[PDB]
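Worksheet for the structure shown next.
What follows draws every value from the coordinates through simple rules; no lab data is involved. Cβ: placed from backbone, ideal geometry, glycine included. Neighbour counts: every protein chain shown.
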Amino acid sequence: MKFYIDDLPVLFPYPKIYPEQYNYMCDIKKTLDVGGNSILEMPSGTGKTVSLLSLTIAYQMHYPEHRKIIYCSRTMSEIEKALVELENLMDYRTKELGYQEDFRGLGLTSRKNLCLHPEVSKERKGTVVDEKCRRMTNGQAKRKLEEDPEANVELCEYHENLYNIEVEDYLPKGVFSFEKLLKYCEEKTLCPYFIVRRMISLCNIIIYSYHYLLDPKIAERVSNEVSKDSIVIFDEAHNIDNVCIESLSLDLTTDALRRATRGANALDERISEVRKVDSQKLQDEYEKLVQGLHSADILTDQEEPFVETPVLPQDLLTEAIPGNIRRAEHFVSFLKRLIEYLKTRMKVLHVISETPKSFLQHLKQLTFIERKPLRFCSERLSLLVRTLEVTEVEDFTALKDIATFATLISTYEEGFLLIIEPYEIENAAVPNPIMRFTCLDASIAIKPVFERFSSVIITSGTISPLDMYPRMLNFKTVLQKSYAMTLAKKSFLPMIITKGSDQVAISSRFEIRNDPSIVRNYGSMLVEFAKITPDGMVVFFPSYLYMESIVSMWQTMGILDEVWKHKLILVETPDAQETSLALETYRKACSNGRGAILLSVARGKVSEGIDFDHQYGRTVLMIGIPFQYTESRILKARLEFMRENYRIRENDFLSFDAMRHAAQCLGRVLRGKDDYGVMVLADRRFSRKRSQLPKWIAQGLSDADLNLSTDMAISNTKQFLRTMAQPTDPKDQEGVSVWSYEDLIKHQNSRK
Amino acid sequence: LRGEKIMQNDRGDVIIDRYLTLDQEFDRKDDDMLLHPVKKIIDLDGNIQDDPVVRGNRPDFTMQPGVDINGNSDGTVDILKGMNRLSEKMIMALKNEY
Amino acid sequence: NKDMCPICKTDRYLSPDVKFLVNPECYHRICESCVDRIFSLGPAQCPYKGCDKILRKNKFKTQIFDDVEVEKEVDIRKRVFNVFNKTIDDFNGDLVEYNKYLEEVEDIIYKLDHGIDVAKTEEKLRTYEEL
Amino acid sequence: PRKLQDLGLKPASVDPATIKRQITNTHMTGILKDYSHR
Ligand code: SF4
Ligand SMILES: [Zn+2]
Ligand SMILES: [Zn+2]
């Protein structure tokens, strides 16, 4: 349809529209017009991506500013979904407007997902792919080939072919999804990875993950290309704090330090070899360093620094190199003794928690390394590696971690904490000391985003409570509200089971994981629900270890045998590819009527973007509250930091952290208002957590379902499933849950 | 094959045990038989490869496969793959030449 | 051959109380038992095959880092910084002058460690400390 | 064994002293079986 807002014409790609979408669209426009940040929570059963793209894209095309749009997701899978939705809108707009307006939309991901090279795309890790692509695209091969054609160094045909054409002609006007982009590039032998990166500045809407916006290692390059007045959208940002924290975190192990020493020795040997034969390169680099130039000046735009910057760009010193690490040999000695200091600190016998300031003071005591040279460690190492002709960097890879540690610890002093534990795994014959550099304040990584950009929209399906996020992340919002879906007939049945058929309490507490009574009760619940669930049944466990243990007990007890009769069993695995294969098989079984049951982790890869709409998801079995591991040094330190700074109680945050993951999994079963399913939370502790659930889920949770039994819950599930199968009366939903064009005009007139 | 966790205490049979190594080869062959490119919509491999330079605190032992005192795998992951492999083979057999 | 005294070959397994010490002059590892028996009376030649530098028992100290080369760098650095000590304010904020000074003291350590010119460097250190 | 522990050497033995050594109706003469416990 094509309806009107106060002054903005927006073309919706569907003939019908939900009341929630119009209200959601109206609120977004007001936020953009008034400027500022907002937190909008909408039910997962109503089209959110289409509504966001429809209004935002219409907003830029109409207003003179023509503000660009920045869409941020949490995983690459969501990027493709948004792009497909993005393609849907433009196709509809092109048909309605009679012409294809000038519009460019691209997604941005890593080389691993966009490498068409037959030999470089067959790797099992993105780090190796980047190194090989850089070798063929750094420019050393091209320069060597130009000087001497006989050189055996190879190039990438896809990268070379781009130089023939101009940047503006890399792709035709329109929206190119990853599936479409690869097909188009393959037919013309071009590199999608370089096409998108060189084309970000020309895209009306650019879609990437949170890591490309929060992680300084890869954010700085992309952030420099995007505009400053563009619209920023945070989709599914209910776990944005975790992304922010991990952006400035590091872990060091005894093996890493041992490998670092080998790399340091190799660098010293290489420097000696270069000195004997080619000493002019060292002098040229030294002369530039004395002047005061940094990696940005020396390095060409075609090449990239060896060590990605680990700190935010605003925290990088703009002064010259301190001088202690100005020369190659002196820097190596500086680097070497730093590694030795780290090694001796790993021989502790008890957990030691220390602030960065204390660590620096002790370092300045045992050795004579000052704070300022450490801040330049990563910057200096990249220059040295660049000038040493290091075509193979397998040995020097370990030194990247050491350089990252030095810059991070010497840069930040507040909101960061260093943990040294003699036992990485408490259940180990021999101690395995580990050193963890942790970020406690999640607002540090997101602070630049909220200041650089004027308008930011934070939206998700299960972002509740909305007050905590402004508290946890230091920002203020013009408006924050949650919508309640106006569904004529209830489509989702949320229930809480506090005990089994025997009436014995059931919980997923780790200390009682190996309990015959609790395990059997959960297994009976799993079997009983599989009996009545028509097509698909998804089960989420608090942790992978709990799933591994409980599943094994079920196999011995014979519970899995009963499940095998009615549904195929697919289990999430640590290997990403195997889990993806399981999802394909799980979907195939549901489609063909064989029936399948998927066992996954509530905090795993499946829960972070994979949706089970319609037949795939009909019953969600939440086995316990997905609580974190309480006896963790990282979590305890963060809890204390939040308590002292933001006055957030430790118990409150723990409940909030677990509930958001439980709700996250709950909301991955509804796509439209015709989708239905049953959501069961199996734990005695969910009973008092009704107020903590999202508003649209709490509304559907009745008082009688606060504490149910396995037998009682099954009876309700059977009755609910039977009712949902009946033909819905159209008149019951003509203008109360779905609106036509005429109905929308009525709403506008009545409100005005 | 049934999914039971093999116990070293159990004596078993000498003749049949000779095929345990042979069955391992078939498992690798079956994995390749089932391995194929997956649609990017539900491609979990790309999600972890979206940023290849992510550096953060390692997950707790509760979020990792179980291990024993010696440090090697406890073996419970193998049965999970075995049941997963069984379902994949059964579904694949449906899409036969017929 | 990484946990035993090179001279008395007192393995740690049979002598868990064995403790190893190092001497700045030549940076050689010797167990405490050998130190007392050979140096209690007075200074004597180092008990090593190819080491003829005299040392005193009072000079022995425990090794901090597990790399002998870094120990030489740090101790030489400590000796140099005991004389060549300055701060940014000493040059009235002239970062260019401070950077040059840091290289000079850093270079002095490099030459002293590798003995490029021991005589001139040591003489250079001798004259500055009086100032 | 005690002497080795004093020197820090693990003793593969133990002191032997530590080892510790370790009515009506009688017309049913034998029909009644003693089902005392379950
Ligand atoms: S230029 Fe593109 S296709 Fe060639 S190796 Fe790099 S990422 Fe792969
Ligand atoms: Zn000795
Ligand atoms: Zn000696």
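Kindly establish whether B:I48 is touching a helix residue (DSSP H, G or I) at 6+ places or on another chain (Cβ under 6 Å) and surrounded by 12 or more Cβ atoms within 10 Å (Cβ to Cβ).
So B:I48 passes the test.
Kindly evaluate B:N47 against the criterion of being within 7 Å of chain A (Cβ to nearest Cβ) and in a loop (DSSP other than H, G, I, E, B).
Against the criterion (within 7 Å of chain A (Cβ to nearest Cβ) and in a loop (DSSP other than H, G, I, E, B)), B:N47 does not qualify.
If you scan the range C:32-49, which residues turn out to be away from ligand 3 (no atom under 14 Å from the Cβ) and within 18 Å of C:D11 (Cα to Cα)?
Correct list: C:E32, C:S33, C:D36, C:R37.
Write out, first by first residue and then by second, each pair whose Cβ atoms fall under 9 Å of each other, whose residues are 6+ apart or on separate chains, and whose first residue, in the range C:26-42, is among the hydrophobic types (A, V, I, L, M, F, W, C) while the second is within 8 Å of ligand 2 (Cβ to nearest atom) and not in a loop (DSSP other than H, G, I, E, B).
C:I38/C:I30
For the range B:76-83, indicate whether the set of residues that are surrounded by fewer than 20 Cβ atoms within 10 Å (Cβ to Cβ), more than 7 Å from chain A (Cβ to nearest Cβ) and within 22 Å of B:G3 (Cβ to Cβ) is non-empty.
The answer is yes, given that some residue of the range B:76-83 is surrounded by fewer than 20 Cβ atoms within 10 Å (Cβ to Cβ), more than 7 Å from chain A (Cβ to nearest Cβ) and within 22 Å of B:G3 (Cβ to Cβ).
Need a quick list: strands (runs of 3 or more DSSP E) entirely within the range A:412-476 having at least 3 residues that are within 13 Å of chain B (Cβ to nearest Cβ) and under 29 Å from A:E354 (Cα atoms).
Qualifying strands (runs of 3 or more DSSP E): A:416-421, A:434-439.
Please enumerate the residues belonging to the range A:328-352 that are facing chain C (nearest Cβ under 10 Å) and among the charged types (D, E, K, R).
A:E329, A:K336, A:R337, A:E340, A:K343, A:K347, listed by residue number.
Suppose the filter is part of a helix (DSSP H, G or I), of a type in the set (S, T, N, Q), closer than 30 Å to A:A445 by Cβ and under 23 Å from the mean Cα position of the chain (by Cα); does A:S227 pass it?
When the stated conditions are applied, A:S227 does not pass them.
Does A:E146 satisfy being within 20 Å of A:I206 (Cα to Cα) and either within 16 Å of ligand 2 (Cβ to nearest atom) or of a type outside the set (A, V, I, L, M, F, W, C) (or both)?
no
Could you check how many residues of the range A:143-158 are out of contact with any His (no Cβ under 9 Å at 6 or more places or on another chain), assigned to a helix (DSSP H, G or I) and surrounded by 10 or more Cβ atoms within 10 Å (Cβ to Cβ)?
Residues meeting the conditions: 3.
Quick one: which strands (runs of 3 or more DSSP E) sit completely within the range A:557-626 and have at least 2 residues that are more than 7 Å from chain B (Cβ to nearest Cβ)?
A:596-601, A:619-623
I'd like to check which helices (runs of 4 or more DSSP H) are fully inside the range A:255-365 and have at least 1 residues that are of a type in the set (D, E, K, R) and surrounded by 18 or more Cβ atoms within 10 Å (Cβ to Cβ).
Correct list: A:280-291, A:328-345.
Yes/no matrix, rows are residues, columns are (1) hydroxyl-bearing (S, T, Y); (2) crowded, with 17+ Cβ neighbours inside 10 Å; (3) in a loop (DSSP other than H, G, I, E, B); (4) out of contact with any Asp or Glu (no Cβ under 6 Å at 6 or more places or on another chain):
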site	(1), (2), (3), (4)
A:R647	no, no, yes, yes
A:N651	no, no, no, yes
A:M659	no, yes, no, yes
A:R668	no, yes, yes, no
A:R722	no, no, no, yes
A:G735	no, no, yes, no
A:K746	no, no, no, yes
A:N749	no, no, no, yes
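Report the residue count in the range C:3-23 for those that are within 14 Å of ligand 3 (Cβ to nearest atom) and crowded, with 16+ Cβ neighbours inside 10 Å.
Of the residues in that region, 6 qualify.
Among the numbered criteria (1) under 30 Å from the mean Cα position of the chain (by Cα); (2) within 20 Å of A:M622 (Cβ to Cβ); (3) surrounded by fewer than 18 Cβ atoms within 10 Å (Cβ to Cβ), which one does A:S491 miss?
Just one mismatch for A:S491, condition (3).
Considering every residue within the range C:46-60, establish whether at least one is of a type in the set (S, T, Y), more than 15 Å from the chain's Cα centre (by Cα), more than 16 Å from ligand 1 (Cβ to nearest atom) and within 28 Å of C:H114 (Cβ to Cβ).
Yes, the conditions are met somewhere in the range C:46-60.
With respect to the numbered conditions (1) surrounded by fewer than 18 Cβ atoms within 10 Å (Cβ to Cβ); (2) within 10 Å of another protein chain (Cβ to nearest Cβ); (3) out of contact with any helix residue (DSSP H, G or I) (no Cβ under 6 Å at 6 or more places or on another chain), which one is the sole condition not fulfilled by A:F368?
Checking A:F368 against (1) surrounded by fewer than 18 Cβ atoms within 10 Å (Cβ to Cβ); (2) within 10 Å of another protein chain (Cβ to nearest Cβ); (3) out of contact with any helix residue (DSSP H, G or I) (no Cβ under 6 Å at 6 or more places or on another chain), the one that fails is (3).
A:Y158: touching a strand residue (DSSP E or B) at 6+ places or on another chain (Cβ under 7 Å) and away from chain B (no Cβ under 14 Å), yes or no?
So A:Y158 does not fit the description; no.
With the condition kept exactly as written, say whether any residue in the range A:66-79 is on the phi > 0 side of the Ramachandran plot and either more than 16 Å from ligand 2 (Cβ to nearest atom) or not in a loop (DSSP other than H, G, I, E, B) (or both).
Yes: the range A:66-79 contains one or more residues that are on the phi > 0 side of the Ramachandran plot and either more than 16 Å from ligand 2 (Cβ to nearest atom) or not in a loop (DSSP other than H, G, I, E, B) (or both).
Of these, C:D52, C:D66, C:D90, C:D36, which one is surrounded by fewer than 16 Cβ atoms within 10 Å (Cβ to Cβ), under 22 Å from A:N265 (Cα atoms) and of a type in the set (D, E, K, R)?
Going through C:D52, C:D66, C:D90, C:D36 in turn, just one is surrounded by fewer than 16 Cβ atoms within 10 Å (Cβ to Cβ), under 22 Å from A:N265 (Cα atoms) and of a type in the set (D, E, K, R): C:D66.
Looking at B:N57, B:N70 in this structure, which one is polar (S, T, N, Q), closer than 30 Å to A:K112 by Cα and at the interface with another protein chain (Cβ under 7 Å from one of its Cβ atoms)?
Selected residue: B:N57, the only one of B:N57, B:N70 that is polar (S, T, N, Q), closer than 30 Å to A:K112 by Cα and at the interface with another protein chain (Cβ under 7 Å from one of its Cβ atoms).
Sort out for me the helices (runs of 4 or more DSSP H) sitting completely within the range C:1-115 that have 2 or more residues that are within 12 Å of chain A (Cβ to nearest Cβ).
Because the criterion is at least 2 residues that are within 12 Å of chain A (Cβ to nearest Cβ), the helices (runs of 4 or more DSSP H) in the range C:1-115 that meet it are C:68-81, C:95-114.
More than 14 Å from ligand 1 (Cβ to nearest atom), over 28 Å from the mean Cα position of the chain (by Cα) and outside any loop (DSSP other than H, G, I, E, B): does that describe A:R135?
no
Any residue at all in the range B:19-40 that is facing chain A (nearest Cβ under 7 Å) and either more than 19 Å from A:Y586 (Cβ to Cβ) or among the aromatic types (F, W, Y) (or both)?
Within the range B:19-40, not a single residue is facing chain A (nearest Cβ under 7 Å) and either more than 19 Å from A:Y586 (Cβ to Cβ) or among the aromatic types (F, W, Y) (or both).
Restricting attention to the range C:1-22, report how many residues are touching a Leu at 6+ places or on another chain (Cβ under 8 Å) and within 8 Å of ligand 2 (Cβ to nearest atom).
The number of residues fulfilling the criteria is 0.
Quick one: which of B:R55, B:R2 is exposed (fewer than 14 other Cβ atoms within 10 Å of the Cβ) and either farther than 28 Å from A:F510 by Cα or not hydroxyl-bearing (S, T, Y) (or both)?
B:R2
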